[PDB]
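Taking it in order: structure first as structure tokens, then the write-up.
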């Protein structure tokens, strides 16, 4: 394969993951919230910037393992292929971002193992 | 900081638009990044999904891009990915944007 | 600012070394990232990239307590190529200053 | 193909590109200097050096287009290796963001 766009996204599980057994095998999907932060001089702390939302998809053993491990609020690191999609929702054409995950882990920077 | 960086190799898909804003020069263009896969039952590369991005540049990058980029040009773009749902200009309120740090004509193609 | 970000999926290759400094906790460990290619009718190992991974603050504390040799991990951080010339003889090594580390749910 | 480490490096050509006649075909290599900068105006931090390799049309084009000092964007596969950090380049371009 060529010219896939890889992404690594560090964020929080934003929806309860959904597991489905398909003919092609196990599948899991969840929403991931990735919030950029910037250092404020006027407040002397980190302040939230833009939040990117992604729909994260996993398959095979990653799906099976994720289905037992991930819950809303969990800080995670996700690596995978970015897919920018256009679809109709509430009768409007809208662009959205999917990550076809290759690796997912609970982020040790923001929680214990 | 938790910005999502992206490096995208694709083609300029729309004629770039240059705008002089109060904040300085700005350029935007659409970038088409098409994945390809090797076909065994045929010979060559076959096209998969195309990711479309709106690429934004400012300052010197905008000034230089405005004189250099045209539809069809193969380019390499590095920048910050912004998946947007509150766009207040143009005809769509959603976008997948790249706020470009670096852009170059791709010498591979 | 021109930092080079990297995301590496590999295995912990050395026991992490944890140091409690006055400036805060620090940890380092070696990470092995092995490329694989299809076909023997399976995956075969290609080149292994070795990195020294560094972390600080809560990430150092948490990684120290949870990582052991062999563990599959995903690491995101800043790549630093360290080049040390002595007597015209140059020793290069690749460091990752980690922002995020997790046990990889794909392989465990 | 699995678990290759991609990277995108934005830096300056540090050595004149040179030709290598490999068994896999004609190739070009050059040294790339990637210097992080931090705001105080900008001050230089650590410089990462890579050996960048290209083949086929990318090599031919790079050989005719690149010179020492040129700001460039390089995308490719990182190979940490006599030791070195190599990038097997997929895309190289002159960076429109910068001046020599």
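Residue numbers (this note's numbering), protein chains in the order written: chain S, 139 to 251; chain G, 6 to 114; chain X, 402 to 509; chain W, 6 to 105. Yeah, the Cβ is synthetic: ideal placement off N, Cα and C, and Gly gets one too.
Relative to the Cα of residue 38 of chain W, the nearest Cα in the group W:9, W:72 and W:47 belongs to W:72. Along the region 441-462 of chain X, going in chain order, the ones with a CB nearer than 9 Å to a CB of chain W are 444, 447, 448, 449, 450, 451 and 452. For residue 197 of chain S, the pairing in a beta bridge is given by DSSP as S:165.
Using beta-carbon distances, residue 242 of chain S counts as an interface residue toward chain X, with a partner under 8 Å. Note on residue 203 of chain S: 16 or more other CB atoms within 10 angstroms of its CB, so buried under the neighbour-count rule.
DSSP places residue 87 of chain G in the uninterrupted beta strand (DSSP E) bounded by 79-89. Within the same chain, 30 and 32 come within 6 Å of residue 60 of chain W by CB-CB distance, once the 5 residues on both sides are set aside. In chain order, 50, 51, 52 and 53 place their CB closer than 8 Å to the CB of residue 41 of chain G, counting only its own chain and leaving out the 5 sequence neighbours on each side.
Going by C-alpha positions, residue 491 of chain X is about 12 Å away from residue 482 of chain X. 434, 435, 436 and 437: these are the residues of the region 426-437 of chain X whose beta carbon lies less than 8 Å from some beta carbon of chain W, given in chain order.
Judged by DSSP in its simplified three-state form, residue 189 of chain S adopts strand. Interface annotation, residue 10 of chain W: in contact with chain X, CB-CB separation under 8 Å.
Chain order gives the chain X residues near residue 245 of chain S as 501, 502 and 503, where near means a beta carbon separation below 8 Å. The C-beta of residue 28 of chain W has fewer than 16 other C-beta atoms within 10 Å across all chains shown, which makes the residue exposed.
Using a CB distance cut-off of 8 Å, residue 67 of chain W counts as an interface residue toward chain G. From the listed residues S:213, S:145, S:141 and S:190, the smallest Cα separation to residue 251 of chain S is found for S:213. Using a Cβ-Cβ cut-off of 7 Å, residue 90 of chain W is close to 482, 493 and 495 of chain X, given in chain order. Taking the beta carbon of residue 14 of chain W as reference, the chain X residues within 7 Å of it are 405, listed in sequence order. Residue 499 of chain X is a Cβ neighbour of residue 454 of chain X, given a cutoff of 8 Å.
The beta carbon of residue 408 of chain X sits closer than 8 Å to those of 475, 476 and 477, all from its chain and outside the five residues before and after it, given in chain order. A straight-line Cα-Cα distance of about 29 Å links residue 139 of chain S and residue 17 of chain W. By the neighbour-count definition (other C-beta atoms within 10 Å, threshold 16), residue 228 of chain S is an exposed residue.
Within the region 75-86 of chain G, the residues whose Cβ lies closer than 9 Å to any Cβ of chain W are, in chain order, 79, 80, 81, 82 and 83. Residue 10 of chain G: member of the beta strand (DSSP E) spanning 10-17, first to last residue. Membership of residue 246 of chain S in any beta strand (DSSP E) is not indicated, and neither H nor E is assigned to it by DSSP. Annotation for residue 422 of chain X: the continuous beta strand (DSSP E) segment containing it runs 418-422. Within chain X, no C-beta atom comes less than 9 Å from the C-beta of residue 70 of chain W; the nearest is roughly 22 Å away. Around residue 250 of chain S, the beta-carbon contacts reaching into chain X at under 7 Å are 463. The C-alpha of residue 14 of chain G is placed about 8 Å away from the C-alpha of residue 111 of chain G. Counting C-beta atoms within 10 angstroms of its own C-beta, residue 69 of chain W has fewer than 16 neighbours from the protein chains shown and is therefore classed as exposed.
Around the beta carbon of residue 25 of chain W, fewer than 16 other beta carbons lie within 10 angstroms, which makes this residue exposed. As DSSP reads the structure, residue 87 of chain W sits in no beta bridge.
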